[PDB]
Structures are given as C-alpha cells and as structure tokens.
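I have a structure here, written as structure tokens, and I will follow up with some questions on it.
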Amino acid sequence: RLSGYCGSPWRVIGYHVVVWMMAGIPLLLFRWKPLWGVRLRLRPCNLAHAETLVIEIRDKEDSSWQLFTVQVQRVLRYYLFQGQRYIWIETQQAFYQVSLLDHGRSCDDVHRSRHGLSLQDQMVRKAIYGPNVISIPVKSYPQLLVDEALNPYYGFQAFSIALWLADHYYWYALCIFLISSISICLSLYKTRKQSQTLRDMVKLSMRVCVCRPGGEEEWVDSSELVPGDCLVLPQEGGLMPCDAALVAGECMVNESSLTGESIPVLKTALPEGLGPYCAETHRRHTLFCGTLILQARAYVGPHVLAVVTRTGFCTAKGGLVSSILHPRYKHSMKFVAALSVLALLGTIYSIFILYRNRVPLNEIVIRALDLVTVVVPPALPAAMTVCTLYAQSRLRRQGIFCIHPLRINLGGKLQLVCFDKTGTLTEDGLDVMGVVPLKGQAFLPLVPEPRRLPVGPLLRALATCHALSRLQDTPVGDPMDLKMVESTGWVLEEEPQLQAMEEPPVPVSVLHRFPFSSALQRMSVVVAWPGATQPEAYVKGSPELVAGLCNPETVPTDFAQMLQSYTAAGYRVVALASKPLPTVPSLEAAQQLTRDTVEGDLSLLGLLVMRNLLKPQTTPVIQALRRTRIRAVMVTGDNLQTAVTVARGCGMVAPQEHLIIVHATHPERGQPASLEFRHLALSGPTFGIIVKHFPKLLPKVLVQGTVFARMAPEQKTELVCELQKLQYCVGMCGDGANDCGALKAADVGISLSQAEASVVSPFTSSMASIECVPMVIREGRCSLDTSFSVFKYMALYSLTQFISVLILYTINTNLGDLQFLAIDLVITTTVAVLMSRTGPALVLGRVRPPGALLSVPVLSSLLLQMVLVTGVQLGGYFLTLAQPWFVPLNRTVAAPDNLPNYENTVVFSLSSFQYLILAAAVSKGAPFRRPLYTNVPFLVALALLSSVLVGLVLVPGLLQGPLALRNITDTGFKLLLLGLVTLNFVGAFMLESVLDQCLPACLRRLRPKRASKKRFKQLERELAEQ
Ligand SMILES: Nc1ncnc2c1ncn2[C@@H]1O[C@H](COP(=O)(O)OP(=O)(O)O)[C@@H](O)[C@H]1O
Ligand code: ALF
Ligand SMILES: [Mg+2]
C-alpha cells in the first residue's frame, strides 16, 4: 500500500474565487472524478516545504481525502488522516507516521532505566502524539442537518417542490415535504443511535496519578501517558487508559473486550537481554488497553511500576476500533437505464398526444416538466434503509447483538462455516480420568486407573505447575487447571502468594511461575522445598513438542501406539516433563529469568487423561446445516486423532477418510496419501510446508480438507486469506483467544460466550450454542428477499403510475388534488413502512437466493404483470365508455376548475386497488419468509384500508365533497365494477403463482453451460485426477 502526497500553501487573490463562485452550479453533476475539482479550483505552483492543503494521488485505491495542516507551535505542521497523525521530518524530508522509537528501536538498555520523565519543557510531546484520550467527533442538530442535504436526491425533491408550488398546488408539495422531513428525522435518529452505541462503548475519564523523579506526587487528570513514560497503578483496579508495559513485578489482567475470553492472563516482567522490542511476541510482558487488573499489590518496594508504550488511536484497542469501524452491484445501472428509456418514450408519446390535441405551447411545457420530474415514488431512501434497522431491532430479542448492520446481506450467501472444538461444539468443563505414569518399573505402564495415588514428585508436579489465583472467594483460572487441582487434594493458601496447604511429606513453595502463551504450547515453573540440595523445574504441554525437547531415551517404542489408542476414544491426554535442575543452573537461572536453556534435558513423569463431552444441542444444528448443501469444516489446535474422533462422534461427511502419516521427513517433502485404518485432513506443519515448496497443490487439498488440527494462532489468518482468495464466503466461529486475528480477516465472525456487543467482532451472540449461524444466514436471506420485493414493488408502482398518467392524458383529464395524497400516503407509504414484517421461518431451504435483480424470470413476471394491468385498464375504459353516459364539455372550459366529472372517477377507482393488489402479490415466500397471515399489525392495517376502500364504492353519502367526487345512481357501484376488481385481484395471484415454479429455471438451464462460476466444472476437473 503506497500513495503520494502533493499540495500547495495558497494561491494569489483574484479570479480564483470567481471561478468557483461561478462553477458552483455544475458541482452536483461533477461528483465523479473529484480530483478534477481540486486540480482546477486550487492548484498553484510552489516549493515542497510549506504544504497546507495536500491532496493524494490515486495509485492503488480510487478515492480522495482532503486534509489541513494545522500549526500550533519550529513549524510543527501535522494533519489528521483516518485518525493517524503524520508529522514532518527534517532528515528524510517527507511525511512520516507516528512509529519512531518502536519496531526496531528503543532497546532494553535504555528502556530498563525509567528515570521518571523529569520536569522538562513538556511542549513537544503533547502536540505530536496528541492528548491521551479517545475523543469521538460528534455533531449537533444543525451540524448534522447541513451535511445531509448534499445528495442530488434532495435537490431533485426541492426542485419538484418548487415546480409544484409554482403551479398553484399546495397539497402534494405539503405531503412531499412531510415525507422528506420524516426521512430526515429517521436518518438523524439512525445516526444518533450509531454514534451513541460507540460513545458508550469506549472508556470514560477517571482520576490517576503520575510519578515524578523524587518525592513529588500530583493528582492530575487521567490524560498524561506519552510514549516513554512511567505511571503508577494504585487501588489494585483495572480501567487501563491505553497500552503499557510492565517492567517490574507481575500482574493479572482480564482481556475480555480485546480477545474474547474471561480467563485471567498472567503478566511477567520484562527481563534483561539486548534485543528488539516489538508488540508482536511479548504477549505476556505488556498491558493492553481495556484491561482489568485483578490482584497485584507489589513485588519490590511500595508498589510496582509500569512503562507506557503507545498512546492515542494507535493502541491495541483504539487501533482495532478504528480498523473495524472503518467505512469500506451492476444490474441497478441497466435497470435505471431501462426505466429512463421507458420514461422518455412515454413523455415523447404524451407530448405528441398533447400536440395533436391543438394546445398552445404555453400549457405544454408546464405539464411536460411535471411529467418528467414526477417519476420516483416518495420515501425512496427511507424504505431501502429501514429494513436493516428493523432487522437489527428484531434480532436483539433473539440473542444476536450487532454493533452496526453492514454485512447482513452477506450471511445469505454463505457456503463455508468453520467450527471450533472447545467451547463451540463441546462443553468447556473437563473431567479427570486418572494419571498414566511413565517412570514406573523402567518406563513401564502400571495399569493406570482413575484414583489419587501420588508417589514421589507427583504431588508437587500436579499441585504447583499451574497458574491458579484466588480473588476473595476461590482460585479461578483455566478449567483444566481447576479440574487438576480439585482432583489432587491440595488447597492454595496465601512468595507467600504462591503457597499451598496440606502437604503430607514436606511443605512446598513456588519461587517462579511462567504463564501460558499462544506461540509456545508449554509452561515452566520453579518448584522448591526445604530439605533438598537443589530445586526442580517442571513443564506441562503437548507430547509432540516435548518428545523432541528431552533426552532421546525417556520412553520405549510404545508411545506412538499408546497415544493413538488414548486419543481415538474421545479423551484429552497431555504430557508432563520434569528437569533435575542441578545446583549451578538453578543458581544462575533464578536471577536471570531465562527460557532457552531451562527447557533442555527433560524427563516425562506422567500423563493426565481428561474427558471432553459434546453438547446435546449440536447434532440437530449440524444436520440442518449439512442438509442444505453447506460445507462445514473444523479448525482446532488439538491433536489429529482427537479432531478425528470428535468429527466421528457426529459424522457429517467422511467417506474413505485419509490422513497424513507422521514420520515423513523427506528432503523433497513428498507426503503420500494413506488410509484411515473424498476428504483429507491437514495438520499445522503439514499445511505449513505445502504452501512454499510446491505452490500448485493448495487449491486441491483445501477443497476436500475438512479437519484442521494442531493449527497455529498465526497460521489461521493465512488459511482464511487463502480461502477468501478463491472467491469464497468462509466464516470462522471461535471461542478462545488463539483465533482472534482470523475473525478480523473474514466475512462473518461469531462471538460466542461474549456480552455487551464486544468489539472483537461485529456479530455477537448471547448463548453457548451453534444455533446462531443458521439464524444469521436465514435473517440475511430474509432481509435480501424483502429488499428485492420492496424494489420490485416500487418499480411496479412507478410503472403503473406512469401508465395511469398516460391513460389519463388521452385528451384532457386530470386527477384530484387529495387523491394523489391519499394514494402516496395511505395506499403507498402505509404498506411500504409495514412491509418489513414476515421474517424468516424456522425451516431452512436448499435453494440459494439470487444475487441479481435483472434475471429473466423476474423481468418476464414484471412484463406480464404490466401487460395484465394495461389490459384490465383498457377493458375498464371500454366498459365505462360503452355506457349511456353524458357528454363532456372540453375545448371550451379546459382549465383546472372542472375536476368533478365521470372521466377520472372510474380510472381512479380502478387504479387505487391496483397498488393494494400488487403490494400483497410480490412480498411473499414459502421457504424464505413468513406467510402474509402472521403479522397482526400489518394484517389489521390492510383490513382497515380495505374497509375504507369498500366504504366508498357503496352508499356515497359522505367523503365526496372535499374529495372532489360525484354520485351515480347506475350499476357502476354494483357488481359491474366489483366483479371486475375481484377478477383482477384473483388473476394477479393466478399469474404470480405460476411463474414462480421451476419452469423458467429449467428453460434457462439446459441452454447454457458451466462458466462464470463454473464451480461444477472445477469440481469435475478436480475429481478427474482421481
Ligand atoms: N494445562 C496445560 N498446560 C500447558 N499447556 C496446555 C495445557 N492444556 C493444554 N495445553 C496446550 O494447548 C494446546 C491445545 O490447545 P487447544 O485445546 O487447541 O486450545 P483451544 O481449545 O483454545 O483452541 C496443546 O498443544 C497443549 O500443549
Ligand atoms: F477448540 Al478451540 F479455540 F476452543 F480451537
Ligand atoms: Mg475457543
């Protein structure tokens, strides 16, 4: 990602203001290519040292952004671009981001001193790094009102209002203005809600203290953190201002709003060692933003000291917020082109008819302008943007809590869902099943049974090698750690904070404890006890990792079968190693905090066999997702056999399963295809070594691959990117923190076991089940179907209104004043506002919704529907003209003063029901949405409208004076018109429920072949090599 920056300070006075004062009219039409405006308006020639208005050149992205270099102080010229600050350097003589003294600099030799930020001239660090606060720009009511009238739609509406006011019409203009004001207030309410859901999510202000060198303490506001500072963390509480680094002491934070887990993580102080310092590998030495310190009193002295790393919008939480709250079709163009073509043809026909009627030109332009300016139904942007709001409002009452609806339509076109293993498909609580010793009788099994029989170092290695921590009620931590501690018989009591109780043979004390990270799957600990000449060091982790990190003679040639037999049953077994820890290493390592040499000559002691059970609400959702031709793979980090037996516990798709056999270390890395005892399974290193050597077999294994075990936290993002590169819609459903970065690089992200709409992912659920992905998919498909139906209904309404105007303008006839208002408000707006009902059903569908709005079936449906409408219209016209009626008085009183007549009455009476008929004929679906008899408010509204409509075609005693209607004593109000409107109402349904069959599909299916999404031919070519 590269881009240039060129600008100029200012231009000389003169015509540079007149040019933009005169060329301001075509600004509404010059929205395309915005570089021309900034190039012709203000673009003088100057040097390259005093830029004030800088514009960027398009190199990789077609966009444009305007900036302003503010100067508060040297020069100190800087601007705000997407929240990131850019300063002007003197050495490189170019713009530089805020990345100095980091990512390759600020070594430990100058970072492990922390003099204390002596009282110098603090005027250069506040204007460069900015204030230590996350201020969200908010807008007031006039500020939000002045910038919303920039769209050309509002200008067209204002022009229509002016044209209606300049024609002695104060009724239609009033309703149009009311609808526009309703749309404006709805948009302002939506913007206010979208701003309030973010302003309340960020942290608030507090009162903290900043330490100074010596005996100086001040109570300043909670904004003083600058890169390279040192603050104090009293009260043993959380509420972290921004990112920081703990250099002295240990602490435990709660990264629940940054990772997605409520498990306490232990933070270790930064040790010595001259090397690079970056925020990519020291995940246990720094403190991120939004962390809650559980219990950390002091380690050396009165209290611990923390070092500030970064402040502003580039922190861990602020950067993620700015990156995930960043603002990111072709058939619509042809649709509006055809609509404009039909409109111009109709207006040409109308002007030809008017010229044939021998009418002077003074009355032709006023009608032509009105006809060309009235083509779009009111509340167009208010009806297409309210469906997402209604969906977001109705999803809150089910469990899904989204931060902002942006990718709702993407859920309806999903084809691959990734599921986790622990926390998603299985229960989080484990169960112990005994200890399998490996040191008894010269590396021999002792028939392990589930009991509590510790001999020798088994008590300390099982009761001390952990990361337990109590908060006034009980030790809380990892579930496996709790299950191991409770199955031992030891109680942790309050270094005095790491002591135990009930020690039969000898009391024990924990000197040092190393936490667990995502990079390495192990954890060391220092275990000492009075009565020995040297302590011991234990470590717990995966057997495959500790097998090549110990003595070559620790287990005979029986582990490859024992581990497989223990993992092929559904249990979870781990390995525990031990180190003799002689006097010299224990003395020279307890004062340096080393890790490369402490994990050397290890010795296995025993194995902990756990038990993981699946959730009883997993098989129905899995079957429902499998019976809808939707691929579902499992991406975990456990052993291969564990994932295999977990997948076999349900058995979705596994014909002739194949696995990659271990002990494959060929120089050419040639992995063959073996048998288990169509689909393949990939491991961590197995998938890692097939992406660099041979870059030609990746799309062949990724399709059939459904079991991804032993994965790495840094490899899941690469897999997601490789899956998305093939034009897919893969979505991961993770629970732990090992797959946090993969959710930020996918289309959809599940946030199970979260709350308050965590920022870790836009979609967030409030239940521990997998029944949220199908719900999201069906909600998205229902929203897409509703939007398509609304667009089709709007197009049909526009076309039928054009046809009505055309048939009304045959010689000289105009509709009523209040009739247009009653049609656009009661008949059109009321049914369009309440059209977002009838959500998704409880049964999914195998057929996928279409992604285009200009298909052959829908176009043929619209064409046949309009043919039927014009046919029934001409039939009604012939019927009302073939009756013994009176004679008109045209060509002598032609003026807007003879509104009550028999010309437009029957036309309006026949056209008013057309909208109500077409509204209930396009918004319906059996497998996508709910039937029409489910929503009660819309049903009673339609009933009230139908009653009001039928109340006028019989006994015309009222609602005729102000409405400009007349009375008739003929059979017009009788079945003569009722039998016709009912016939049309039935014919519309009969014609709409016939083309929805698979006839057009099978007619347009046998003609073409598989190309342009030739996925079928791709699968055929893939299977052709078998
Ligand atoms: N008590 C423990 N102490 C240290 N490491 C452990 C412990 N339990 C599991 N591990 C490590 O975790 C890895 C598997 O993690 P996994 O279950 O995939 O995490 P997640 O379920 O969050 O994806 C194993 O390689 C193992 O080394
Ligand atoms: F099984 Al997991 F994150 F819980 F891979
Ligand atoms: Mg998880």
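If only one of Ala882, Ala894, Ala920, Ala926 is buried (at least 16 other Cβ atoms within 10 Å of the Cβ) and small (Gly, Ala, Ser), which one is it? If you could, list the steps in order and put the result at the bottom.
On the way: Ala882 fails: buried (at least 16 other Cβ atoms within 10 Å of the Cβ); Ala894 fails: buried (at least 16 other Cβ atoms within 10 Å of the Cβ); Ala926 fails: buried (at least 16 other Cβ atoms within 10 Å of the Cβ).
Only one candidate qualifies: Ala920.
Scanning the stretch 421-436 for residues that are in a loop (DSSP other than H, G, I, E, B) and more than 16 Å from ligand 3 (Cβ to nearest atom), which turns out nearest to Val633 (Cα to Cα)? Walk me through how you get there before you give the answer.
At the first step, the residues of the stretch 421-436 found to be in a loop (DSSP other than H, G, I, E, B) are 421, 423-425, 427-434.
Now restrict to residues that are more than 16 Å from ligand 3 (Cβ to nearest atom): 431-434.
On the way: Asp431: 26, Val432: 28, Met433: 29, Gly434: 32 Å.
Once the filter is applied, the top-ranked residue is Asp431.
Yes or no: the stretch 776-786 includes at least one residue that is crowded, with 21+ Cβ neighbours inside 10 Å, among the polar types (S, T, N, Q) and in contact with a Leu (Cβ under 7 Å, 6 or more places away or on another chain).
no
Need the failing condition index for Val776 against (1) in contact with a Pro (Cβ under 8 Å, 6 or more places away or on another chain); (2) not assigned by TED's automatic domain parsing to the domain that holds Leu640, just the number.
Among (1) in contact with a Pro (Cβ under 8 Å, 6 or more places away or on another chain); (2) not assigned by TED's automatic domain parsing to the domain that holds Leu640, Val776 violates only (1).
Name every residue in the stretch 601-617 that is more than 16 Å from ligand 1 (Cβ to nearest atom) and either outside any strand (DSSP E or B) or among the basic types (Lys, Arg) (or both), in order of residue number. If you could, list the steps in order and put the result at the bottom.
Going through the stretch 601-617, the residues more than 16 Å from ligand 1 (Cβ to nearest atom) turn out to be 601, 603, 616-617.
Across the stretch 601-617, the qualifying residues are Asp601, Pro616, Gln617.
Let's see how each residue does on (1) surrounded by fewer than 18 Cβ atoms within 10 Å (Cβ to Cβ); (2) touching a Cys at 6+ places or on another chain (Cβ under 6 Å):
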site: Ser262; (1), (2): yes, no
site: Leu270; (1), (2): no, no
site: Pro276; (1), (2): yes, no
site: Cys289; (1), (2): no, yes
site: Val308; (1), (2): no, no
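OK, next. Of all helices (runs of 4 or more DSSP H) completely enclosed by the stretch 775-888, which ones contain at least 2 residues that are farther than 24 Å from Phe989 by Cα?
Once the helices (runs of 4 or more DSSP H) in the stretch 775-888 are filtered for at least 2 residues that are farther than 24 Å from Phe989 by Cα, what remains is 817-822, 856-881.
Anything in the stretch 36-59 that is out of contact with any strand residue (DSSP E or B) (no Cβ under 6 Å at 6 or more places or on another chain), among the charged types (D, E, K, R) and closer than 20 Å to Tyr86 by Cα? List them, or say none.
Within the stretch 36-59, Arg58, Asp59 qualify.
Report yes if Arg522 is closer than 30 Å to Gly736 by Cβ and touching a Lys or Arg at 6+ places or on another chain (Cβ under 8 Å), otherwise no.
Working: closer than 30 Å to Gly736 by Cβ: yes; touching a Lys or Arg at 6+ places or on another chain (Cβ under 8 Å): yes.
Judged against the criteria, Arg522 is a match.
What are the residue pairs meeting all of these: first residue in the stretch 823-841, first residue assigned by TED's automatic domain parsing to the domain that holds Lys924, second residue acidic (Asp, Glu) and surrounded by 18 or more Cβ atoms within 10 Å (Cβ to Cβ), Cβ atoms under 6 Å, and 6 or more apart or on different chains?
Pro840/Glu779
To keep it simple, each residue is scored yes or no on (1) in contact with a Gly (Cβ under 9 Å, 6 or more places away or on another chain); (2) among the polar types (S, T, N, Q).
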site	(1), (2)
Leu233	no, no
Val247	no, no
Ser257	yes, yes
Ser262	no, yes
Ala306	yes, no
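Still on this structure, please answer the following. Considering the stretch 522-538 alone, what residues qualify as being more than 8 Å from ligand 1 (Cβ to nearest atom) and within 30 Å of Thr642 (Cα to Cα)? Talk me through it step by step, then tell me what you get.
Step one: of the stretch 522-538, the residues more than 8 Å from ligand 1 (Cβ to nearest atom) are 524-538.
Selection gives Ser524, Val525, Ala537, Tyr538.
If you don't mind, there's one more thing I want to ask. Restricting the stretch 403-420 to residues that are under 22 Å from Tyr728 (Cβ atoms) and part of a loop (DSSP other than H, G, I, E, B), which is farthest from ligand 1 (Cβ to nearest atom)? Steps first, answer last, please.
Let us first name the residues in the stretch 403-420 that are under 22 Å from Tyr728 (Cβ atoms), namely 406-420.
Those left that are additionally part of a loop (DSSP other than H, G, I, E, B): 406-410, 414-415, 420.
Working: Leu406: 28, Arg407: 25, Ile408: 29, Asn409: 31, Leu410: 26, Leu414: 23, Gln415: 24, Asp420: 7 Å.
The qualifying residue farthest from ligand 1 (Cβ to nearest atom) is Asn409.
So, one more: Name the one entry in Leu380, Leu339, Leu354 that is over 28 Å from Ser223 (Cβ atoms) and touching a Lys or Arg at 6+ places or on another chain (Cβ under 8 Å). Walk me through how you get there before you give the answer.
Values: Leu380 fails: touching a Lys or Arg at 6+ places or on another chain (Cβ under 8 Å); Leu339 fails: touching a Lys or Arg at 6+ places or on another chain (Cβ under 8 Å).
From the options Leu380, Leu339, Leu354, the qualifying one is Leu354.
Continuing with this model, one more query. Quick one: in the stretch 517-534, which of the residues that are more than 16 Å from ligand 2 (Cβ to nearest atom) and surrounded by fewer than 18 Cβ atoms within 10 Å (Cβ to Cβ) is farthest from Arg283 (Cα to Cα)?
If we filter the stretch 517-534 for residues that are more than 16 Å from ligand 2 (Cβ to nearest atom), which is where we start, we get 520, 522-534.
Keeping just the survivors that are surrounded by fewer than 18 Cβ atoms within 10 Å (Cβ to Cβ) gives 520, 529-534.
Numbers: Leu520: 11, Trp529: 31, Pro530: 34, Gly531: 36, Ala532: 35, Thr533: 35, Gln534: 31 Å.
Here the residue is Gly531.
Look through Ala500, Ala467, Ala463, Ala560 and report the one residue that is of a type in the set (A, V, I, L, M) and touching a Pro at 6+ places or on another chain (Cβ under 7 Å). Step through it out loud before you land on a result.
Numbers: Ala500 fails: touching a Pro at 6+ places or on another chain (Cβ under 7 Å); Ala463 fails: touching a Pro at 6+ places or on another chain (Cβ under 7 Å); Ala560 fails: touching a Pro at 6+ places or on another chain (Cβ under 7 Å).
Unique residue meeting the criteria: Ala467.
Pairs under 8 Å by beta carbon, first residue more than 21 Å from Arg328 (Cα to Cα) and charged (D, E, K, R) in the stretch 721-745, partner within 16 Å of ligand 3 (Cβ to nearest atom) and not in a loop (DSSP other than H, G, I, E, B), six or more apart or different chains?
Taking only residues 6 or more apart or on different chains, the pairs are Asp735/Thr422; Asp739/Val635; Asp739/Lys716; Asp739/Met732.
Is at least one residue of the stretch 157-178 of a type in the set (D, E, K, R) and either loosely packed, with under 14 Cβ neighbours inside 10 Å or outside any helix (DSSP H, G or I) (or both)?
Keep residues of the stretch 157-178 that are of a type in the set (D, E, K, R), which gives 167.
Checking which are either loosely packed, with under 14 Cβ neighbours inside 10 Å or outside any helix (DSSP H, G or I) (or both) leaves us with 167.
Scanning the stretch 157-178 turns up at least one residue that is of a type in the set (D, E, K, R) and either loosely packed, with under 14 Cβ neighbours inside 10 Å or outside any helix (DSSP H, G or I) (or both).
Out of the residues in the stretch 421-433 meeting the condition of being more than 10 Å from ligand 1 (Cβ to nearest atom) and among the aliphatic types (A, V, I, L, M), tell me which one is nearest to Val707 (Cα to Cα). So that I can check it myself, show each step before the final result.
So the first thing to find is which residues in the stretch 421-433 are more than 10 Å from ligand 1 (Cβ to nearest atom), and the list is 425, 427, 429, 431-433.
After this cut, where a residue has to be among the aliphatic types (A, V, I, L, M) as well, the list is 425, 432-433.
Working: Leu425: 14, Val432: 26, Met433: 26 Å.
Selected residue: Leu425.
Has the stretch 639-656 got at least one residue that is away from ligand 2 (no atom under 16 Å from the Cβ) and over 35 Å from the mean Cα position of the chain (by Cα)? Write out each step before concluding.
So the first thing to find is which residues in the stretch 639-656 are away from ligand 2 (no atom under 16 Å from the Cβ), and the list is 648, 651-656.
So of that shortlist, the ones also over 35 Å from the mean Cα position of the chain (by Cα) come out as 656.
Yes, the stretch 639-656 contains at least one residue that is away from ligand 2 (no atom under 16 Å from the Cβ) and over 35 Å from the mean Cα position of the chain (by Cα).
Answer with yes or no whether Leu545 is part of a loop (DSSP other than H, G, I, E, B), under 30 Å from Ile661 (Cβ atoms) and either among the β-branched types (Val, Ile, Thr) or away from ligand 2 (no atom under 16 Å from the Cβ) (or both).
Working: part of a loop (DSSP other than H, G, I, E, B): no; under 30 Å from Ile661 (Cβ atoms): yes; either among the β-branched types (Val, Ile, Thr) or away from ligand 2 (no atom under 16 Å from the Cβ) (or both): yes.
No: the conditions fail for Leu545.
Of all residues in the stretch 631-658, how many are touching a helix residue (DSSP H, G or I) at 6+ places or on another chain (Cβ under 8 Å), under 25 Å from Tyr728 (Cα atoms) and more than 15 Å from ligand 1 (Cβ to nearest atom)?
5
Please note: Cβ atoms are built from the backbone with ideal geometry, for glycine as well, and neighbour counts cover all protein chains shown. All of this is worked out from the model, or read from it or from the source named; these are not laboratory values.
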